[PDB]
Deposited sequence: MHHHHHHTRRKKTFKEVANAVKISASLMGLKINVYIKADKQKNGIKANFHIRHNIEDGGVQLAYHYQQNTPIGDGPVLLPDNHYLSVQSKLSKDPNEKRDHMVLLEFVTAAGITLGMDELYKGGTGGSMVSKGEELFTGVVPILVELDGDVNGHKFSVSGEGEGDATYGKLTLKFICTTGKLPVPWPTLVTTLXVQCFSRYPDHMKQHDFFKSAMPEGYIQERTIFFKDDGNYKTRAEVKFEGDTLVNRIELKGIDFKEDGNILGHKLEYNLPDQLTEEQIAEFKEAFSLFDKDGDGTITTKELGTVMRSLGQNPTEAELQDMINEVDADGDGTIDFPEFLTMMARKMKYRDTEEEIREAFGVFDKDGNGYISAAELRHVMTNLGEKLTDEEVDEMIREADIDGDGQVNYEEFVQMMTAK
């Protein structure tokens, strides 16, 4: 087992304990609708991550009865691409969205393929823009395919920052979760979707959208206002990467999986998760272990099977680690907090994980760029590439 593999297991253990990557939906009885919260992580060019914290409210347009759900989440897989024959400033989007997080007439409008139209008018720090999108949704699979054009010329913000704003009625709700689909229940009259999106260390978007059928088209009409942005920051300075899977990356995912799946049955149970977390000096309760599993447990059986684990690792490719998360993983090895992983510290962790003085020294010696016999933060980072 390499230093890289053990560090990777340590990061995934902390991710399973703490990372919240889903779209969390709650009933809002006062508004006869829902609230949601989630965050997005945008990759900054030449390294680092820009966090976008989303707060959402949805309220029905009509007086008809709607479904108010139990707490649950949407799990989003999105791919951004370019149309090689498109000269206009554009974004091609493919998304698969599935509801989970509940353990084991409007819906009728979504059993086939539904044309979509999106229209956005934006104003960020007084830079105005418009976007038009079209494509189709196939809620049977939770599938969206859209192409968007900036109709005003050059988009003054990165396309990725508009993805969440630019139709959750296309989400796939599993059969055991159909009563919890507010979005389809509000159709065809539709819903108002409002957000505030906080770009950490930068300004915020405020959005208001009407999502409803106009004939047999699902239309999303949006207004967006951004205030308090930095003209040279990551958004108005265009410093976010547009978009982002090797056999090697998959094999690394599997090596991590097999450290949790100690009985080799192809699933990770609360007991198995607990065993690893206790070995890294955490002490989660049964209820907390069940909540960790729930974040990843697509089928709601109460375990993480192998494909569930690989889906989570694939989705985590859009959630680049923050300094604070990497410092936390470093800290599991750097138990005395002095900024240096000693051979003693690496042996303590390796031992606790059930993996010779020469083998430990050898591991240090590989990561130890500066030759001091210890691993500092910068060397830890470099070792994980």
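*Asks:* Please list, in sequence order, every stretch of the deposited sequence that lacks C-alpha coordinates.
*Replies:* The deposited sequence has unmodelled segments at 1-11, 116-131, 194, 273-275, 387-388, 419-420.
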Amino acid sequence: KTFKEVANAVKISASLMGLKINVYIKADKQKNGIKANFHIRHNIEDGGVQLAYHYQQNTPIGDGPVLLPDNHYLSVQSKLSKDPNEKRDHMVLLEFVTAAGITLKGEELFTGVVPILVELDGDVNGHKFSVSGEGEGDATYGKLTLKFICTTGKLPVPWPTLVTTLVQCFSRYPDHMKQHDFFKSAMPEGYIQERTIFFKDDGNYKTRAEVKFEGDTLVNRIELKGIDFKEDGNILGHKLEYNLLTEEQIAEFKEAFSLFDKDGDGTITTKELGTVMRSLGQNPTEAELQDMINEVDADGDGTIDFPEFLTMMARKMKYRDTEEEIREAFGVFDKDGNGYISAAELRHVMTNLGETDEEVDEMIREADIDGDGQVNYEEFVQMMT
From here on, numbers count along this sequence of modelled residues.
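*Asks:* Pick between 274-282 and 198-206: the one whose mean CA B-factor in the entry is higher.
*Replies:* Mean B over CA atoms: larger for 274-282.
*Asks:* Looking at the deposited entry, does 246-254 or 310-318 carry the larger mean Cα B-factor?
*Replies:* Taking the mean B-factor of the alpha carbons in each, 246-254 is higher.
*Asks:* Out of 57, 37, 351, 50, which shows the largest CA B-factor listed in the entry?
*Replies:* Among 57, 37, 351, 50, the highest C-alpha B-factor in the entry belongs to 351.
*Asks:* Going by what the PDB entry lists, where does residue 175 fall on CA B-factor within its chain: lowest, middle or highest third?
*Replies:* Highest third.
*Asks:* Determine, from the deposited record, the chain-internal third of the Cα B-factor for residue 167: lowest, middle or highest.
*Replies:* Answer is lowest: the recorded C-alpha B-factor places it there.
*Asks:* How does the C-alpha B factor of residue 190 compare with the rest of the chain: lowest, middle or highest third?
*Replies:* Middle third - that is where residue 190 ends up once the chain's C-alpha B-factors are sorted.
*Asks:* By the record's CA B-factor, is residue 151 among the lowest, middle or highest third of residues in the chain?
*Replies:* Answer is middle: the recorded C-alpha B-factor places it there.
*Asks:* Compared with the other modelled residues in the chain, in which third is the CA B-factor of residue 134?
*Replies:* CA B-factor rank for residue 134: middle third.
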